[PDB]
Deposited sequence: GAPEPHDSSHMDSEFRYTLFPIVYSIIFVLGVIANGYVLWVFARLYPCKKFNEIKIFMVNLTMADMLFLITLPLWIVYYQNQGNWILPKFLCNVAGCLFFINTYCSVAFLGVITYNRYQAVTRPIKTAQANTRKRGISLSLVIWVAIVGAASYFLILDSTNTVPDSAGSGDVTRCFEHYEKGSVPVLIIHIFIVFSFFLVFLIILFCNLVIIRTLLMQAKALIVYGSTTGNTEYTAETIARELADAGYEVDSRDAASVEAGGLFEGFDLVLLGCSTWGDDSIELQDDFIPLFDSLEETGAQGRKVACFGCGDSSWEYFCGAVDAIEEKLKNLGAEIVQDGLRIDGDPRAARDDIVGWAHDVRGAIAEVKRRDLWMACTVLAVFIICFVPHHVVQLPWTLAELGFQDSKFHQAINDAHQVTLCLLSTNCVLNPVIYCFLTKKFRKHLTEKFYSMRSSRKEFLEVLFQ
């Protein structure tokens, strides 16, 4: 009798759900193709098997969409067995909040990376949540748009009697906004710490003044480009946490020795105690002066580069090696300082774009529906006006198909994540499996 319905949903859902089904499948397929390509070797069978198991999960949801298409096509009538309605809807819920958790985990881990670079599994939860749906009588019958003909609805009614809808709905909507708040401030802190003006430290060891000149040219290149440059001689520095509070550290040293590949006198005290500064997890660059007449051309460059690798430092650019006089190739020196910026700028752009994306997905996909839910549930339970009921029901049709776009957007995020966070991710995966 209370025929509260949105007639546009019977035309809006079959088209949207059939577009997000093809775009969904294509998106998921483009992930697998790209991933299986970037890891062709059998030594990476476990990272590929994980990527297959992720696609399989996404696919288990994508196969529920034709049921809804047919359900809406025949004007909101669930003809198929009732237990299938429990299954279809239960999988929507599991997919929705797993898509939320995963966009949460991407944000949290990028947060632990862009900031602070120095019970857990929810298996127990989604077991109780799924077993709740298994017993839920999701189906109610109501007469058709005309009358004298029962049309079965799937998850459209709230039986006020036995199920405590109100608290379950309040809990979930608040749990989402807690998660959204965490994503919101994690990402804004990421944007803020990336947009922070970069402070660089240049430490040079020079006898004849050649490394000193290169260090000056590099310093003028970064300062011109807006860096907080701290250029200091190796004889005026102390190994005690020298690199602390510096984004980029540029170490420069001239090669010496009649016999073997020895370092510059002022630079050797720093070399021996390079751990004490804070080399691990530090973006470092290594330039240096020399001569092609000797066997180890710029041996000092190669000496600190392999030593910083053993220290686990981030060598952002291929070390600068000068043949004789640095004034002879000032444009080649500047080129290296320009490239050094460029390489650090890309890593920043990577995380800027990721933070924006996870927010744009949250603000357009998940957030609109979770705002609409609490007013809509109350209206359905009969706690509001007639005019309002129609409005909140109509917007619910729009927000529900916007929340369904997660199908296509999460594989797109996984693609950009594979394509640009490859090194970090591959390391993370094989560290967890190394014990359990």
Could you give the ranges of the deposited sequence that carry no C-alpha coordinates?
1-7, 126-139, 458-466
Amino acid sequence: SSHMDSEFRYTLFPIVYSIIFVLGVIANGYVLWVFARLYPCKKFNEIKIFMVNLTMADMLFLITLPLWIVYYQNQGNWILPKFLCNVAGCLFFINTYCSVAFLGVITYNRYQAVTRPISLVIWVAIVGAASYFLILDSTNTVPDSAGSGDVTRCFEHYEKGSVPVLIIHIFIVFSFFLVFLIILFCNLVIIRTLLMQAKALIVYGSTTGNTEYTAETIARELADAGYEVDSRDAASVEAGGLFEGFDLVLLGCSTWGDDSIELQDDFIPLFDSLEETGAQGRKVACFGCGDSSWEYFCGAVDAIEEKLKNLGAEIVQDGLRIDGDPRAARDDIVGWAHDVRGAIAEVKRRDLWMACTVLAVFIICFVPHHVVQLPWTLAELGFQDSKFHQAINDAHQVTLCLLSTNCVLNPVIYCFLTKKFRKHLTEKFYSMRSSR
From here on, numbers count along this sequence of modelled residues.
Taking the recorded C-alpha temperature factors, which stretch has the higher mean, 103-111 or 220-228?
220-228
Please work out which of 53-61 and 34-42 has the higher mean CA B-factor as recorded in the PDB entry.
34-42
Among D339, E212, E346, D272, where is the Cα temperature factor highest, going by the PDB entry?
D272
For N310, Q75, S175, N187, the deposited C-alpha B-factor is largest at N310
Third of the chain, ranked by Cα B-factor, where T377 sits
lowest
Which third of the chain holds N393 when residues are ordered by C-alpha B factor: lowest, middle or highest?
middle
Ordered by C-alpha B-factor within the chain, which third holds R321? Give me lowest, middle or highest, please.
middle
Select lowest, middle or highest to describe the third in which the CA B-factor of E156 falls within its chain in this entry.
middle
Taking the values exactly as deposited, rank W123 by C-alpha B-factor within its chain and report the matching third: lowest, middle or highest.
highest
